[PDB]
Amino acid sequence: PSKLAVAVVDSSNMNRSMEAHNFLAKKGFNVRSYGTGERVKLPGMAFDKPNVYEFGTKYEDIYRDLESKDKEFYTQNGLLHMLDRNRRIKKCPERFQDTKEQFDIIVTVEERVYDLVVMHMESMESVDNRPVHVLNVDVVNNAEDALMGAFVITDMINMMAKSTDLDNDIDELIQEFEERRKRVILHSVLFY
Amino acid sequence: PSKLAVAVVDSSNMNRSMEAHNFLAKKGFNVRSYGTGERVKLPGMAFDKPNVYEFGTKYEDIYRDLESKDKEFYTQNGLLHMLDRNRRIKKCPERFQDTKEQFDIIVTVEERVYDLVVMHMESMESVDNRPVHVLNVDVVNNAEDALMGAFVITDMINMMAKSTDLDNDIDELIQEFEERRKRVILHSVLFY
Amino acid sequence: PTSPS
Amino acid sequence: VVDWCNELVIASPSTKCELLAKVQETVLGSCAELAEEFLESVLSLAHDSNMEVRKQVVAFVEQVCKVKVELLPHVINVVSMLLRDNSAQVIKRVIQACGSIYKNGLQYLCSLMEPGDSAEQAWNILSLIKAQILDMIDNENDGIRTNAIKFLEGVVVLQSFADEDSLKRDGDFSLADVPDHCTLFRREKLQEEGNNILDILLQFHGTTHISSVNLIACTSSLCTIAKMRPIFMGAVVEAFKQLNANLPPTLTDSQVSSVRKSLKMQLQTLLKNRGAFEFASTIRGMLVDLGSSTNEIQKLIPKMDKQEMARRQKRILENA
Amino acid sequence: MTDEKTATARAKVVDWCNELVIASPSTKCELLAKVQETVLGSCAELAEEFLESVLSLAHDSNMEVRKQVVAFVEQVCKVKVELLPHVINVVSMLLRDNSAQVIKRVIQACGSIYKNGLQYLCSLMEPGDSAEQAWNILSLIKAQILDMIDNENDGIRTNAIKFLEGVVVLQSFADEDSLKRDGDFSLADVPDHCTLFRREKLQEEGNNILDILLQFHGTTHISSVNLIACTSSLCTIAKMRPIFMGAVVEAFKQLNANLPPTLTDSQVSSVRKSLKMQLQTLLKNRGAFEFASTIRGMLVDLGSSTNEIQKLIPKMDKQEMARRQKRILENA
Numbered sequence: 004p005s006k007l008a009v010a011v012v013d014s015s016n017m018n019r020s021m022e023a024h025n026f027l028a029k030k031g032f033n034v035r036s037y038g039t040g041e042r043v044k045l046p047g048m049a050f051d052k053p054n055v056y057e058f059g060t061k062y063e064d065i066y067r068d069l070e071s072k073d074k075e076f077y078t079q080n081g082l083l084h085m086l087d088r089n090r091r092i093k094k095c096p097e098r099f100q101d102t103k104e105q106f107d108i109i110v111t112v113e114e115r116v117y118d119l120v121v122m123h124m125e126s127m128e129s130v131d132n133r134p135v136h137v138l139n140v141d142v143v144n145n146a147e148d149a150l151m152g153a154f155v156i157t158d159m160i161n162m163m164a165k166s167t168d169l170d171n172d173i174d175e176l177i178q179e180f181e182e183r184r185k186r187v188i189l190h191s192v193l194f195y
Numbered sequence: 004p005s006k007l008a009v010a011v012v013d014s015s016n017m018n019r020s021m022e023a024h025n026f027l028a029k030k031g032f033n034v035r036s037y038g039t040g041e042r043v044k045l046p047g048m049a050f051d052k053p054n055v056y057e058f059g060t061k062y063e064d065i066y067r068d069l070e071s072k073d074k075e076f077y078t079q080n081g082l083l084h085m086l087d088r089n090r091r092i093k094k095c096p097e098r099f100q101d102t103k104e105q106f107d108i109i110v111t112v113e114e115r116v117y118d119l120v121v122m123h124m125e126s127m128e129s130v131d132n133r134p135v136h137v138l139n140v141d142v143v144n145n146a147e148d149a150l151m152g153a154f155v156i157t158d159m160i161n162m163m164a165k166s167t168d169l170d171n172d173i174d175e176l177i178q179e180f181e182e183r184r185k186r187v188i189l190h191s192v193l194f195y
Numbered sequence: 003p004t005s006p007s
Numbered sequence: 030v031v032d033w034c035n036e037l038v039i040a041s042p043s044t045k046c047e048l049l050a051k052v053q054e055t056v057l058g059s060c061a062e063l064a065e066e067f068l069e070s071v072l073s074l075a076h077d078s079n080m081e082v083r084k085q086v087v088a089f090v091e092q093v094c095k096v097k098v099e100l101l102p103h104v105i106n107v108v109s110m111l112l113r114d115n116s117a118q119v120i121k122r123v124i125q126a127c128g129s130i131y132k133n134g135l136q137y138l139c140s141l142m143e144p145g146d147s148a149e150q151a152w153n154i155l156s157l158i159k160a161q162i163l164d165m166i167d168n169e170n171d172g173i174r175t176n177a178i179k180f181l182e183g184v185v186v187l188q189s190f191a192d193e194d195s196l197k198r199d200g201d202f203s204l205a206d207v208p209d210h211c212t213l214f215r216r217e218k219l220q221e222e223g224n225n226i227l228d229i230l231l232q233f234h235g236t237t238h239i240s241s242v243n244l245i246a247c248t249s250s251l252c253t254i255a256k257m258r259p260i261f262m263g264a265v266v267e268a269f270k271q272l273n274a275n276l277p278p279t280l281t282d283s284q285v286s287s288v289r290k291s292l293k294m295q296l297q298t299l300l301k302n303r304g305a306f307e308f309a310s311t312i313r314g315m316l317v318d319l320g321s322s323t324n325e326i327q328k329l330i331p332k333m334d335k336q337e338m339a340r341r342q343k344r345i346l347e348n349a
Numbered sequence: 018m019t020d021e022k023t024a025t026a027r028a029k030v031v032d033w034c035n036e037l038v039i040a041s042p043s044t045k046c047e048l049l050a051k052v053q054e055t056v057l058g059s060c061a062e063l064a065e066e067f068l069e070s071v072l073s074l075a076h077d078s079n080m081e082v083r084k085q086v087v088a089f090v091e092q093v094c095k096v097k098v099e100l101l102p103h104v105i106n107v108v109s110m111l112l113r114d115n116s117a118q119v120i121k122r123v124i125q126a127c128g129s130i131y132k133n134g135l136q137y138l139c140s141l142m143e144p145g146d147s148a149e150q151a152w153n154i155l156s157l158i159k160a161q162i163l164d165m166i167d168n169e170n171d172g173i174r175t176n177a178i179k180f181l182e183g184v185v186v187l188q189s190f191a192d193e194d195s196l197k198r199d200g201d202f203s204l205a206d207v208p209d210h211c212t213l214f215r216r217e218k219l220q221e222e223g224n225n226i227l228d229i230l231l232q233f234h235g236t237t238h239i240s241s242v243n244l245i246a247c248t249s250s251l252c253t254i255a256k257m258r259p260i261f262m263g264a265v266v267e268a269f270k271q272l273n274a275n276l277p278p279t280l281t282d283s284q285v286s287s288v289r290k291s292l293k294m295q296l297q298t299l300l301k302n303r304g305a306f307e308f309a310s311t312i313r314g315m316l317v318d319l320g321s322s323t324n325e326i327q328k329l330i331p332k333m334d335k336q337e338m339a340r341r342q343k344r345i346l347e348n349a
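Protein chains in written order, with the authors' numbering: chain D, 4 to 195; chain B, 4 to 195; chain E, 3 to 7; chain C, 30 to 349; chain A, 18 to 349.
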């Protein structure tokens, strides 16, 4: 509602980013989502046999592929439910290092993703000299924690959206938000 | 750059002269500013409800004597935006009729200020017998015009600083300046 | 790693 | 191609940002021609009351100096005018645009064989736009400060000399790229101003009551300067060392961690530059304090020939 | 009785004067400024002993240094005017200078120097030989600056005009209509016992310099700055010495009817605005009584209102007007 371009970034653009994307879009935010991994990773029959796909593979196709391997197994572990939710948001997972979109706020869901996002934007030369705030809100990679994390991220973006001058208030806003929730929220600035 | 002592004179020593003072100082000139009025006048609300103050009042106090009225509506016209610029330059607006400094060039911003400068210096018996050029550059007393005026005044002084003998050249330089800028520049000589 | 783990 | 789809429907308050958007796409892009007639039409909207259509014309003016740079003297009195806009969002957009505008403007003003009267007034306005933005280091808006710091970084890089150790970037412009046949300005005066701006950045970086966003930005700017212009490597490494030894007491605990993570990123970038040879041990010491392992640091040091090490070593002894 | 202030100051300027032979031009100017502050103010008894140390710097190749020597000599004639015959040659020599900046500075200083010099010389009861030679050089300085009316530099001409105004005022007779100025000096103030010069030869010279100024004021190819300076000088002469009021009013009337064709439009407005201000100044003078209608007519031509003109005219009782109206009729 405040014209803020928001991005939520994780590893695979499958679980945590899409849960936050889901709630941010329903609140009317200009939101996108990306993963920072090299390929999309989804769990499976064991730790040693994860389902790995190339970024750009449609959620529809990954749904049908998992449906054919073991439809009953991938319904009781929630992956088909998750793929269906993502299918209804956008076509395919996207890699953050490949996008040419620019944002006002970028939210990562763990420090590893934060580091990848920072190293990427620093590896590019500044052209527009446009700053973007990069925030880290830690979210554990499971269904229950992605849900709680998506609430924290949505609440955080909503509080920042209500500011009349976000740049002048963001440090104090994060400060209070952190204290209220006993979290550490890393926060730096990068340039396009 | 040169050893030109320049003074910019207006009515209140607040908007027009300080805009030129700011830009000329950034160019390295030895520059001072004064006003010719009886008191400092600052515009607000009604046409003839103006904020009036003594000469010698610190610029901070006007920023503070603004505490009683709003602080918003003088963020609307950029008036303490203007006030802090002056505080960074000097402490208090000064009256031309009271200074004992001597200049090579005095630049006034309107014909009425020009007449007050001339009347004041002609009322004092000359001692050093040292001439000073008095130039008039019309600038309308508003925020937008004061900025464009400071660009012209800076242009004019820059052109004169390039001369190897200003007295022998200033009449031709003004003649060409008037043609290029499509302006009229009164020019007289007074004596200290 | 995998999402979810 | 006769000015077709003349999208000058002026009614709508938010759609002016949509007409000024589609106008710019062809007038400044597809049909690069006839951009000169349309200048005063879009320029009059710089006096508009809305804050977003003013930012839209800043994107226009910035695109003007990219596609069609000889319009610099015409589109420029709004850059210095919109710098004093009463909306901080408009002021920040002008600073951002001034990065490429000052660069493109200077390269155009440098290549002039006979600087005319419009070129001398155009350069005069930039020198004052430069000086205005430099003043904005002490502005009370934290966002304006961040943008001003990023702008001053480009000026320092432009107004200094590259060398063999400089990071090679595609469109790098230095003082060696301004010619001797230029009378609008002197190399020695630009070089003097570049050093004074750097000295202001180095002092700002060390203040005790700096915001975390400004400090991270300033640290990123000093790093860019040093890898682009390794002549400044010694000063930047020393400023990073003093920062890491004395964090501003205004930073919260999570801001400290944010500042230190960014400082570690800049130190790694600097260590990869061959001009960091003299300071490799000092940089290592800081990276160890910031949590890097011995082998992570070791991998960043660039391989050098023994004769090159011998040249750099003895040169350091001569400068001492 | 004695103390240590003089010896402490003398040692501080000895170090300064010894530093001058090796100092840069920029350093010499700082040294000279410090020296002048002490030798001419803080401890004025050191003045004669250090003159040659400063006066020798009149030959320095830097023009800023030579200007500082001018400023020093100008101060000497204000505070220690008895040293006039020992510093006055440097002034006349520096009027041959190659630098126009130095010439203009020397002309400016000759204003106060000539006035102080003339006051001192005509006060001496038994003037020595050195006093006669000091007067010879002040006579040469007048002739030197008078010739700079035709100098090729506009700034030199402007300064010369201002100098010549002061000489006319000194070398004429004040009367009851003269504007009251605190330090005014006139031929009434040089005594009969003065043998260095005669009151009537000075009045003759003053009258001739005024004629030259009046003729210069009405030339067809005079620069705007020279013209405005010459108009203000004629105004000062007339208000200080209202015996000259008639001729100055006539020159103003001729200028306003025939503005030189070399003035541009904005120079014409600048000249007319200045002429309007001079006419208002003259109309306030009681010696302008005879010429009030002529002055009013010019002020109307230059856009003054009837009431702005009327308010300038000084109030006079009828018996005073009758004395003036009768004197005007008899001289006719």
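By construction, the Cβ of each residue, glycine as well, lies at the ideal position given by its N, Cα and C atoms.
Check: Since D/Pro134 meets chain C, which of its residues come closer than 9 Å, beta carbon to beta carbon?; Outcome: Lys121, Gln125, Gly172, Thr175, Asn176, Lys179, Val242 and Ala246
Check: Does the CB of A/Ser287 have a neighbour CB from chain B at under 9 Å?; Outcome: yes
Check: With contact counted as at least three CB pairs below 8 Å, one residue from each stretch, are the segment 164-173 of chain A and the segment 187-201 of chain A in contact?; Outcome: no
Check: Could you check whether the Cβ of C/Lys328 sits closer than 9 Å to any Cβ belonging to chain D?; Outcome: no
Check: What residues from the segment 155-186 of chain D come within 7 Å of chain C, judged by C-beta to C-beta, listed N to C?; Outcome: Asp168, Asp170, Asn171, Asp174, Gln178 and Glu181
Check: Using a Cβ-Cβ distance under 9 Å, would C/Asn153 count as near chain B?; Outcome: yes
Check: According to DSSP, is B/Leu45 part of a helix, a strand, or is it coil?; Outcome: strand
Check: For B/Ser36, report the span of its beta strand (DSSP E) as first-last.; Outcome: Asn33 to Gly38
Check: Return the Cβ separation of C/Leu141 and C/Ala151 in integer angstroms, given the expectation that the two are a contact with Cβ distance under 8 Å.; Outcome: That belief does not hold up - the Cβ atoms of C/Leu141 and C/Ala151 are roughly 10 Å apart, past 8 Å.
Check: If I follow the unbroken beta strand (DSSP E) through A/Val288, where does it start and stop?; Outcome: From DSSP, A/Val288 is part of no beta strand (DSSP E) but of the alpha helix (DSSP H) over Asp282 to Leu300.
Check: Starting from C/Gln150, find everything on chain B with Cβ-Cβ shorter than 9 Å and list it in chain order.; Outcome: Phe154 and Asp158
Check: Can you tell me where the beta strand (DSSP E) holding D/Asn171 begins and where it ends?; Outcome: Where D/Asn171 is concerned, there is no enclosing beta strand (DSSP E), although the alpha helix (DSSP H) it sits in stretches over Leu169 to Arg184.
Check: Using beta-carbon positions only, say whether D/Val120 and D/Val12 come within less than 9 Å of one another.; Outcome: yes
Check: Which term fits A/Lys332, buried or exposed, when burial requires 16 or more other beta carbons within 10 angstroms of its beta carbon?; Outcome: exposed
Check: Do you know offhand how far C/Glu47's Cα is from C/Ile39's?; Outcome: 10 Å
Check: Reducing DSSP to helix, strand and coil, say where C/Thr279 ends up.; Outcome: coil
Check: I'd like to know whether the C-beta of D/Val120 is nearer than 9 Å to at least one C-beta of chain C.; Outcome: no
Check: Could you tell me whether the Cβ of B/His24 comes closer than 9 Å to any Cβ of chain A?; Outcome: no
Check: Using the Cβ count rule (16 or more neighbours within 10 Å means buried), how would you classify D/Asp170?; Outcome: buried
Check: Could you check the C-alpha separation between C/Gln271 and C/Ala246 for me, to the nearest Å?; Outcome: 17 Å
Check: List the residues of chain C whose Cβ lies closer than 8 Å to the Cβ of B/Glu75, in chain order.; Outcome: Going along chain C, no residue has its Cβ under 8 Å from B/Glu75, so there is no contact; the nearest lies around 11 Å.
Check: Identify the residues that DSSP records as bridge partners of D/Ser191: which are they?; Outcome: D/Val137
Check: Between which two residues does the beta strand (DSSP E) harbouring D/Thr111 extend?; Outcome: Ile108 to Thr111
Check: Mind pulling the chain E residues with CB within less than 8 Å of D/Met48?; Outcome: Here the premise fails: no neighbours, minimum Cβ distance about 12 Å.
Check: Report yes or no: do the segment 129-137 of chain B and the segment 105-113 of chain B share at least 3 C-beta pairs separated by less than 8 Å?; Outcome: yes
Check: Could you check whether the segment 42-60 of chain A touches the segment 92-106 of chain A, counting it as contact only if at least three pairs of C-beta atoms, one from each stretch, sit closer than 8 Å?; Outcome: yes
Check: Does DSSP put A/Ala349 in a helix, in a strand, or in coil?; Outcome: coil
Check: I need the DSSP call for C/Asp114, collapsed to helix, strand or coil.; Outcome: coil
Check: Return the Cβ separation of A/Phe67 and A/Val30 in integer angstroms, given the expectation that the two are a contact with Cβ distance under 8 Å.; Outcome: 6 Å
Check: Can you tell me whether A/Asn168 is helix, strand or coil according to DSSP?; Outcome: coil
Check: Between A/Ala191, A/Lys51 and A/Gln136, which lies nearest to A/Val207 when the distance is taken from Cα to Cα?; Outcome: A/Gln136
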